[PDB]
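# Structural characterization, general
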Amino acid sequence: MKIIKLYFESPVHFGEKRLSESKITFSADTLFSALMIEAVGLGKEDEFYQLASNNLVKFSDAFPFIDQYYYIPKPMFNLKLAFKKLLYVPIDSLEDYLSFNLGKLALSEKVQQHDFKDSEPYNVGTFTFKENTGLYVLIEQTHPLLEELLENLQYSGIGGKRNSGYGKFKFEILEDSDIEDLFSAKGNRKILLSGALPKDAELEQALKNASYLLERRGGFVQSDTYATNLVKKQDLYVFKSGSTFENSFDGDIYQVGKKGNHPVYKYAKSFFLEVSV
Amino acid sequence: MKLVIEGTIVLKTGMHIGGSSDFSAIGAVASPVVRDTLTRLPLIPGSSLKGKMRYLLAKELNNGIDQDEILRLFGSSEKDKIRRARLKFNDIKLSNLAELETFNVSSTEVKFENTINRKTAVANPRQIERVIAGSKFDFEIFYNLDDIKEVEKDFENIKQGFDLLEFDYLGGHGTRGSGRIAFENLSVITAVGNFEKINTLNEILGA
Amino acid sequence: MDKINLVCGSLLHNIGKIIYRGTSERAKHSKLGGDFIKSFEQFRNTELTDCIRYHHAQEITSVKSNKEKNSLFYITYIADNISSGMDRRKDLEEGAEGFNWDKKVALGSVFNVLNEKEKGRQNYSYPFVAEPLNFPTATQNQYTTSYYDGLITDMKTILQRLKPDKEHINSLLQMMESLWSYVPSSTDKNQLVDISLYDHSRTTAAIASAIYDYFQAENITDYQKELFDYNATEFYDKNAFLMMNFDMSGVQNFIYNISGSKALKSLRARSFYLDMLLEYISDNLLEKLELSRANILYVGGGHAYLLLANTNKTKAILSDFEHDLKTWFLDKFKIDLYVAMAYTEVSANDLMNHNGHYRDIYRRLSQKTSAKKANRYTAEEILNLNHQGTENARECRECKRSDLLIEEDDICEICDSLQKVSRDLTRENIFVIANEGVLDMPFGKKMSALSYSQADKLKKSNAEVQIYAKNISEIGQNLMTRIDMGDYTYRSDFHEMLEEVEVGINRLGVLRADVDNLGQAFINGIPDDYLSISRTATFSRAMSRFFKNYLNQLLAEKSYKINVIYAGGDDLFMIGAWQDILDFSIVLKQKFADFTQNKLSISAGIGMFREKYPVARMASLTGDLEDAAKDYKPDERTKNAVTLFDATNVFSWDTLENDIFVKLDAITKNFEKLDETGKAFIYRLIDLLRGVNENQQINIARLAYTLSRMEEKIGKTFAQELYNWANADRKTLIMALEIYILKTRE
C-alpha cells in the first residue's frame, strides 16, 4: 500500500461550499477530477478512466500527516458510550482507542479593482501547512500512469484558488510497513476512508448498523469544452470519509451531469479500514 | 509540457501590499502588510502580481476594442469565450532575509504619513507598514504549454508585461511613492517533458 | 372521566396553599382550595373538585368507599408524589391542626443547591416585588399576607374568563406562570422550598396526563385499589413514561448565511425563525398527541425536552410525525437543517431518583439522539436526494440554495420569506401561524406575522390557527401562546445611533458572552440528594427566564445603546455603541453573578469595528475573541474572562471590572482637571509602555525620567501611582490608557 505524500509550499484553498472558507483536506472527488483534468491534456483520459473503473487504481481522499505520524478523521462509531474534541486521530492508534494541530487557517482578503467604478472586495479562505507537515493519499497498487499524472499535477496545482495562486505541492510516492498491515489485518467493523456512495442495489444493506454523515458533493464543472458555459453539475450526496459500517460495499464512478460534450465523473468508490469493535 | 518561468522581483521603493482584518491599536500601524500566516515573512500574493500584470497588459495591448492574447494567458469564464489559464502564478515569499540581517535591518518598516485638510489645516496621521526597499522576491510562474504554435507570442507578451510592470507599482499606495519593482534573473526551465525550443524562450526573457 | 378536567384539576391542585398562607381561616388547605374554586363564577363539576380537594393519601384513605373507582384523582395524587422526587405516604399536609408551623416563608433558589460539592451550598431567598428583576438576596425574606391576598384578587380577576376548555390550558398555565412563580410549593420543611408552586404544578400536570394516557391505553380502571389496598410499589417499576427530545442540527451554519446589505436583519430573521419553528413543532406534536403545553419541560436553543406516555399509540404517532418532519426538512433544507427525534422509556422510580437512575434518563436520551444524528436517513431519503432533479433553478444570492428563484432580484424564496418577515418583525409584537401566509413552516402552515388589530379579528374560534406573541395585556381576552425572545432594538439603525455617540470614536462594539459550562451544570451540576424533575425543570426555567427577560429589563432600565439578537447560555450577540457595550459587559457579569449567585459564569469577547464593516466578519471575529476568552487560563495548568478588541488582551472579569476600570476612572479623574497634558503626554506614555516589551530597562528608566520631569503639572501623587502601576501591572494600564484615549477621541 503506497503512500502519496504531499508537501505543500503554498497556502491552499479546498472549498466546501463557499470561497470564504476552506477545509484542511481535499476529498477524493477533487483528487480524481484533478488527475483526470491532467489526463485530458495528455490525451489519456480513457486509459485513466478504465484504469480506475476496473478497480486497478483506487485511492483514498487526503488525510493530514505530521512528522512520522499519519492521521485520519474521527471514526464516528455507533458506540454504546478533554478527549471529546479530537477531530483527527492517528492511524496507528485506533484499535486501542476503543496535542494535535497542523498550521492554521486564514482568510486572504482580495479585490477586483476597476478604474471607473469602485472595487469589489472578496475573501479567499486559505490554509497554510507547517514546514514539516502536509497531506497524504492512500493508494493500493501504484501505476506509472498514476506516477506521471502526479508529475504534471504538481505544476498545475490542486485545490480551489488555483491558479492565483494557491495550489503548489511536491509529491513523494512512498511505501510504508506498519500501515500496509493495518489494511491486511481485519476486525469486524469497517470504517470508511473515502467519499463513497454505495450503488442502489447495495445501499439498503450497506446501511444496517452504519453510523454515517452525508456530505453533499456538487459545484460547477471545470472545463472549457462542456457546452461552452460554466454550468453546475447535479449534486451527489456521499458518505463522509470518517464513517463506519458493518457490511462493506463498493462505490462507483458516477457521471454527474446532463447534456454536454464529455462525461463529468465523480469518484465515489470506497476504501475501508477494517477494525475490531 | 509544463514550463517554469523563474525570476526575482527586487523592490526599488516600499511596496506596501495587501489588506488585513487585524486589529490596530491607537498608536500603531493601520493597514499592515500581508504576511505568511506561519513564518510571518512579508509576502506578495500571486493574485496581486497576476492582476497587476493583467491590468498592464490589457491596458497596453487593447486599444479601444479583451482579445484572446490575454485570455489565453490569464483565463476567462465568460458566457462564450471560456479559456483555461496557461499561467499558474504562485504566492511569493521573501527571499533574501539572509541579506537583510547582514545589513542589520528588518524585513519591513513603518511609514508615517498624514493628510492636511485644506479648510482647517489639521493633520491626520496614519502609519502604513511597507516592505523595505532593496528586498528581493524569488518567484515561479508555471506555464502550461499545449499550443506549441503560440508559445513565442505568449512569452513575448509575458516579457512585455514584466517590462510594463518595471515602470508601475506592484500594489498599495503606489501613486504616492511606493511599489516600484524591478525584475532580474528571468529564466525559463522545462519542468516535465523536454521542450526543444527553450533557448528562444530564454532569449526572449534573458536579454 | 376525560383528561382535560384531569389536567385542569392537577394544575389547580395546591391552590389552597396560597389562600391558606393569606386568609384568616386555618383549616385543611385542600378544603380551602376546593370551596374557593367551587364558589367561583361556575360551580365547576365534580371532576375538578375531586382532583383539587381530594388528594394527599391520608385525606382520601379516610373517605374511600363513597369515592369512586376510576375516579381521576388518584393519578393526580401519584403525580404530586412523583413530581417532588417526595415520600408522601406518612407525612401530613400543612394546615392539619397539628401545631405551629410557618405561614410566611420565602421561596429558596435552585442556584444555591447547584454545584454544592465545589461552589458550596448557599441559602438565599427571593423577596417579593409587586417579571420584576428579582435576584436572590441572602437576607431572610418574608411574604406578608397582603401579597397572598393580592395574588388571590389577581387570580380571581383572571380566572373569571377562564373555564375548562381545550384552548384555556395554556392561558391558565401562563396565569400560574405570572402569579405563582415566586410562591414556594413547600413551607417550613427541608430544602424543598426552592421549587416554585407553578413549576411543581406544571410537573404534576404533565405527569398526571401521561399517567392517564398510559392507563387508557393499557386498560387500567380499578387503579384505586392498586394504589391503596395494595401499595403501588409495583406501579413505580412500570416503564410508563417516555421523555423525548428534539435537537436542531446545523443552526449556526443556517443563521450565519448572511451577506452585504441587510446582513444583520437577516440574522435576526433566521435566528427567530429557527427558535420559533422549534417551538411550533414541539407544540404541534402535543396537539396531534392530545396533550397540554405542561408536558413540555423546556424548549431552549435548538432542543426541546418533552414528556409523554409509553404507549404504542404514542410511539406510532411519534414515528409518523418524525417521518413527515424529516420529509419537510429534506424538501427544503436538504442536509443543512435537520431535527433529531429520539425518546427513551422511563419508569416512575427514576423520575423520583429512587434507586438511582435519574441522570441515566438524560444519558440514554442523549445517546439515542446522537445515534439518530449519525443514522439520520433511511435508504429512501438518500435515494431521493441522489435522484432529485428540477427546472433551471439558479442559486440564491444571500442564501446559497439551488432552488427556484424570483424575479427582479434573482434570489431564493426562503431568503425572501425571511426578508419579508424581518420587515414584519421591525415591530416585535405578535406572530400568527395559519394555513396560509408568507413564511413556510411544517406541516403546510405558513406564518404571516401580522399585527394585533388584524389578529383580533382572525381568531374566529378556528381552534387550529395558533397565535404566538411576547406581550400579554389581559389573559382571557387574548387566548394565545407566549414566546420568549430578546429583542431590545435601541434604534434599529446604526448610522444615526453612531452619530449621536458624542465624544468617542465612532466604532461599533460587538459582544458574545458564552456561559461557562452550562451543559455540565445541566447534566451534573445539581447533587443527588436534591435531585428531581421539579428542580431540573426550574433550573432551565431560571436560566431561560434570565436570558430572555432579565437582560431586556437591563437594556431598558438604563437606556444602553445596544441592539440584542440572541438570547441564551448557548450564545449571545449584542451590537451597538462600543462605549455602551464596554460599560454594559461588566454590569451583565455582575448581575449574572447575582442572579446565579456566583455559581455560573460567562465568557465574553468584545470587538471594536468600523460602522460599515461586514457583519459576518464582525460576528466571526468576535467569535474568535469569544473562544480566546474561553481558552483563558494562567500558566498552570479560571475560564471566565473578557477579550477586549483583540485576541491578546485577555483579562478576567475581575481584572477588567477592578484593575482596568479603577485605573481608567483615576486617569479620567486626574486628566479632566488639567487643560494641557493629554492626550500628547498620554500618547508619549503609551509609546514607551508598549516599548517595555522589546526594550525593558531603558524604557522603564525613560518612564521614570518623564514622570519626574513632568510631575510638575499632573501632581506628585498621580505621577507616583502612574510609575508604580507602570512598574507592577503594565499590561493593565496600557489597556486603561488606550480605552481612555478611545473614549476621549474628538
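cryo-EM is the method the PDB entry lists for this structure, together with a resolution of 3.47 Å.

Going by the PDB entry, chain B carries the name CRISPR-associated protein Csm3 and comes from Lactococcus lactis subsp. lactis. The deposited entry bears the title "Structure of the Lactococcus lactis Csm NTR CRISPR-Cas Complex". Here is the UniProt Sequence similarities (unreviewed entry) comment for chain B, exactly as written: "Belongs to the CRISPR-associated Csm3 family."

If you look chain A up in the PDB entry, it shows as CRISPR-associated protein Csm4 from Lactococcus lactis subsp. lactis. The UniProt entry for chain A carries the following comment under Sequence similarities (unreviewed entry): "Belongs to the CRISPR-associated Csm4 family."

## Digging into the overall build of chain A
Looking only at helices and strands, chain A has five helices and 15 strands in total. Its C-alpha atoms give chain A a radius of gyration of 19 Å, within 12% of the compact-globule value 19 Å for 277 residues. Structurally, chain A occupies a C-alpha span of about 65 × 45 × 35 Å along its principal axes.

## What to know about the sheet that holds strand β6 (residues 430-434) of chain C
Residues and elements named next belong to chain C. Taken together, five strands build an open sheet; the order of strands is β7-β8-β6-β9-β10 and the sheet is mixed. Of all strands in the sheet, those with a lone pairing partner are β7 (439-441) and β10 (481-482), marking the two edges. Here three bridges tie β7 to strand β8 (residues 445-447), and the two strands are oriented antiparallel to one another. Each residue of the ladder has a partner; that of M441, found in β8, is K445.

## Observations regarding the state of the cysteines
All names here are of chain C. Evaluated as defined, the whole model comprises six disulfides over all chains. Paired through a disulfide, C396 and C399 show a sulfur-sulfur distance of 2.1 Å. Across the S-S bond of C396 and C399 the torsion is about 115°, and the bridge reads as right-handed. The buried category is assigned to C396, whose relative accessible area is 1%.

## Examining the packing of helix α1 (residues 3-12) of chain C against helix α11 (residues 197-218) of chain C
All names here are of chain C. In contact at an axis separation of 8 Å, α1 and α11 are set at 155° when each is read in the N-to-C sense. The orientation of α1 with respect to α11, classified from their angle, is roughly antiparallel. Seen from above, α1 lies across α11 with right-handed handedness. Packed against α1, whose contacting residues are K3, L6, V7, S10 and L11, the element α11 presents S201, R202, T204, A205, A208, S209, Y212 and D213 at the interface.

## A closer look at the sheet that holds strand β15 (residues 272-275) of chain A
All names here are of chain A. A sheet is described by the order of its strands in space; here three strands give the open sequence β12-β9-β15, paired in antiparallel fashion. Strands at the two margins of the open sheet, each flanked by one partner only, are β12 (244-245) and β15. The pairing of strand β9 (residues 189-192) with β15 spans four bridges and is classified as antiparallel. Of the residues in β15, the one forming a bridge with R189 is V275.

## Some words on the interface of chain C and chain A
Listed per partner, the contact involves 20 residues of chain C and 24 residues of chain A. The class makeup of the residues in the side of chain C that touches chain A is eight nonpolar, six polar and six charged.

## Some words on the pattern of salt bridges
Applying the stated criterion across every chain, the model contains 53 salt bridges over all chains. The residue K168 of chain A makes a salt bridge to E9 of chain A at a minimum N-O spacing of 4.0 Å. Residue class for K168 of chain A comes out buried when judged on its relative accessible area of 14%. Note on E9 of chain A: relative accessible area 33%, which makes it partly exposed. Here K153 of chain B makes a salt bridge to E69 of chain B, at a shortest N to O gap of 3.7 Å. Of this pair, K153 of chain B sits in helix α4 (residues 151-165) while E69 of chain B sits in helix α2 (residues 68-74); the two residues are 84 residues apart in sequence, bridging distant segments of the chain. In this structure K153 of chain B comes out as partly exposed when scored by relative accessible area, which is 31%. Taking the relative accessible area as the measure of exposure, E69 of chain B reaches 21% and is therefore partly exposed. Through salt bridges with shared partners, a single ionic network connects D68, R72, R84, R86, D146, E150 and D154 of chain B.

## Some points on the interface of chain A and chain B
It is common to give the size of an interface as the accessible area that goes away when the parts come together. Taken together, the contact pairs 30 residues of chain A with 28 residues of chain B. When chain A packs against chain B, the two sides together hide about 2,300 Å² of surface, and 56% of this comes from carbon and sulfur. The interface formed by chain A and chain B contains six residue pairs in polar contact. Elements with a minimum of two residues in the side of chain A that touches chain B: β5 (104-112) and α3 (144-153) of chain A.

Thresholds, definitions, all that
Residues numbered from 1 in each chain as written, not as in the entry; some residues may be left out. Chains lettered and ligands numbered in written order. Part of a larger assembly, values for the part shown. Heavy atoms only, no water. Residues with missing side-chain atoms left out of burial classes, pairs and counts. UniProt positions renumbered as here; feature names shortened; annotations may be inferred. Helix = DSSP H or I, 4+ residues; strand = E, 2+ residues; numbered from the N terminus. Rg over C-alpha atoms; globule rule 2.2 N^0.38 Å. Pairing = 2+ DSSP bridges. Disulfide = S-S within 2.5 Å. Buried < 20%, exposed > 50% of the residue type's maximum accessible area, 1.4 Å probe, protein only. Axes fitted to C-alpha atoms, helices over the stretch in contact; angles between N-to-C directions. Parallel < 35°, antiparallel > 145°, perpendicular 65-115°, else oblique. Left-handed = near helix turned anticlockwise from the far one by under 90°. Contact = heavy atoms within 4.5 Å. Nonpolar A, V, L, I, M, F, W, Y, C, P; charged D, E, K, R; others polar. Salt bridge = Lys/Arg side-chain N within 4 Å of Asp/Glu carboxyl O. Buried area = accessible area lost by both parts, 1.4 Å probe. Polar contact = N/O pair within 3.5 Å; in protein donor to acceptor, adjacent residues only side chain to side chain.

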